[PDB]
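We name chains A, B, ... by the order of the sequence lines, and we start the count at 1 in each one. Only heavy atoms go into these numbers, but all of them, side chains included; no hydrogens, no water, no symmetry mates.
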Protein chains: 2
Amino acid sequence: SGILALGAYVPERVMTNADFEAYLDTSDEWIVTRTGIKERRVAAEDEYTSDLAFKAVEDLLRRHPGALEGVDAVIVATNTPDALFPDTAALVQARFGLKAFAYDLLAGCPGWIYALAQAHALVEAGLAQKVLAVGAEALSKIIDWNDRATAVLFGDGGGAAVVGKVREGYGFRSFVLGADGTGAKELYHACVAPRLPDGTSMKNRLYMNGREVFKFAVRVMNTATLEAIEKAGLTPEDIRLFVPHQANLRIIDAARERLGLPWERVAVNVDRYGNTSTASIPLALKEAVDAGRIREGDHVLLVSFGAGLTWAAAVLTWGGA
Amino acid sequence: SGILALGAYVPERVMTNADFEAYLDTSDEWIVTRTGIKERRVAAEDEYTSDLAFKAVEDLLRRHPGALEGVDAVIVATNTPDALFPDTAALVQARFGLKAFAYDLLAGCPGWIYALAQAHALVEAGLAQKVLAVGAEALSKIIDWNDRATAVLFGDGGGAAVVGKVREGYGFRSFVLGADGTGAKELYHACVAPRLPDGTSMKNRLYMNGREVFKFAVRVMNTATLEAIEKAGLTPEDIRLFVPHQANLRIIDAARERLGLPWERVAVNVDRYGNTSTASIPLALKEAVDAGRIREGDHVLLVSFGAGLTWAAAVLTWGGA
């Protein structure tokens, strides 16, 4: 299978590092050099994850008319769903009046790649002809605006792609997916439980152990990437563009170097949207497609890390639609 | 693919209809006549969904030692996860030292059947050799005890199965999955948003339009069931046991007659465990297997309906390990 259509969306309201210097013990430099982020988008007051998801699919439809035709499944990779139930995928299914099964997938930042793999399996096993895989997050709704550490890191967003059968030679070539819950204390936000299996208590706000998360991303992003490229039957030199989770520029930087890569073969936008979690990669792919950095026939590598701990990577030969 | 192993668990504490009379404007008679529920189990104060899942997996290991061997993925179908992240499936993955990817699946009551189908897909598509598919729910943590119309309908519990390759002639023969998000206002529980897309304001706790969820239930149950049976290339007469979601004995009895089935062919445990959502079917299945009601080669029908609105059904030829 492969990606037949793509679209993405970011809320209209922008928030500059300046906006953060206006009320928090932090500078634009602290931010620009520690994370690489300059601005990020924030969802309107009454704009939630489902809305970001709806808007991302509308964009998909503007760019690819009639693309939802044949779609039998909607998977929304998110970690900030509107409700425990109904799931956000069911809301998306309704909005576009699809005859399809639907569910939300929670697996941290790597949720979208996880959804692509799941979509692939569904299409390949014949349970669905096409699958609408959405990556959508409204982190501004669970973020502690006062917490210096978090506040400047996350941005809101939505992305989507339709996965389906593609021409001989194109599509997904490999997937590397993994998890390690012993590192559950390193990144989290409770919901129904007040503590984790190891005993690490949870508070009513987003918590992150950046130092370890950094150590993780760097090593994981690298192993996974090579494993995927390798599992795909290629080599780094065969990859037209690497598209990593947009969490931190240093991390992306650090991971590129570790791979002998020029910034031209790496997608970046964390500077303009911050960490949009699951929407990160689809937001980036969209810009690359539109700039022509990604074209039918290219080998693209996707890789992500996040809460769980979870990590994933994929190699997709673009196009074949 | 087929089911290689099965396990389930319900917390120790019992809550009788009398325990509800001891503090609520209700009677045992109203409860039993309206739903069939006589008892339900409640998780301990220090026992959450993850814990119910561990216990279910522990039961499965006790029945099938060495069943996690070859498990490449963990999927936890639930609507009451310990946290938005880490996902519960990762906690399960770590607890049993599995080398696998993991994620929580949110699709209301049908979540477990949804998980079986995704699992079947991962196996057939070659992304996983075996998958641990869990259905666990700690509804007691989000229930409004002072609400006579909901507080008596649910129970806590967990269930689990390992999905993998089974000998020819066994395994899943069909899956029927669906969603209608326009039924969002009919059953919900907010998480990040205070309103549903159609504008339905959400109260702080769980709301449920009982009349609608009933009509819909008996309706979809039969249609989905008949479709699944036909899709599997069989007729109702070929089914050894019908295992419907355990929400209401009336709905169950209603659906039962609609298909012209004697009770001996329906698995029922709603009267002792109440509605346990995603854990409902694995629990009923475990008991059926132990009571000798289901054996290798029998064709079993699974069907569920719930929040979304969501609905699922599957036909599985038991055994084949």
Where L127(B) and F175(A) come nearest, the two heavy atoms and their spacing: CD2-CD1, 4.2 Å
Side chain to side chain, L196(B) and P86(A), heavy atoms closer than 4.5 Å: yes
Which portion of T80(A) sits near chain B, non-hydrogen atoms under 4.5 angstrom: both
Most heavy-atom pairs under 4.5 Å with chain B, out of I75(A), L98(A), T49(A), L106(A), belong to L106(A)
Using side-chain heavy atoms (C-beta onward) and a distance below 4.5 Å, is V176(A) in contact with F101(B)? no
Residue, of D51(B), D72(B), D46(B), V76(B), that accumulates the most heavy atom pairs under 4.5 Å with chain A: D51(B)
Non-hydrogen side-chain atoms of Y188(A) and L84(B) separated by less than 4.5 Å: no
Only pairs of heavy atoms separated by less than 4.5 Å count here; which of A312(A), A179(A), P194(A) has the most with chain B? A179(A)
Just wondering, do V192(A) and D82(B) contact through their side chains at under 4.5 Å, heavy atoms? no
With side chains defined as the heavy atoms from C-beta onward, is the minimum distance between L105(A) and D104(B) less than 4.5 Å? no
Parallel, tilted or perpendicular: which describes the rings of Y103(A) and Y114(B), with under 30° parallel and over 60° perpendicular? perpendicular
Looking at every heavy atom in both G308(B) and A90(A), which two are closest together, and how far apart are they? O-CB, 3.8 Å
What part of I142(A) gets within 4.5 angstrom of chain B, counting heavy atoms only: side chain, backbone, both, or neither? side chain
For chain A, the option from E186(B), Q118(B), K185(B) that forms the most heavy-atom pairs under 4.5 Å: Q118(B)
What residue in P81(A), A77(A), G108(A) has the most heavy-atom pairs under 4.5 Å with chain B? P81(A)
Please look at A100(A) and chain B and tell me whether the side chain, the backbone, both or neither of the residue comes under 4.5 angstrom of a heavy atom of that chain. backbone
Looking only at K141(B), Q93(B), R195(B), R95(B), most heavy-atom pairs under 4.5 Å shared with chain A are made by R195(B)
Give the member of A128(B), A307(B), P197(B), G306(B) that has the highest number of heavy-atom pairs under 4.5 Å with chain A. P197(B)
Can you tell me which of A94(A), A102(A), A107(A), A125(A) forms the most heavy-atom pairs within a distance under 4.5 Å of chain B? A102(A)
Can you tell me if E230(B) has over 12 outside heavy atoms packed within less than 6.0 Å of its CD? no
As an exercise: rank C191(A), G181(A), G126(A) by heavy-atom pairs under 4.5 Å with chain B and give me the winner. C191(A)
Closest-packed option against chain B by number of heavy-atom pairs under 4.5 Å, given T310(A), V74(A), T182(A), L187(A): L187(A)
Among the listed options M202(B), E124(B), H189(B), the residue most often paired with chain A at heavy-atom distances under 4.5 Å: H189(B)
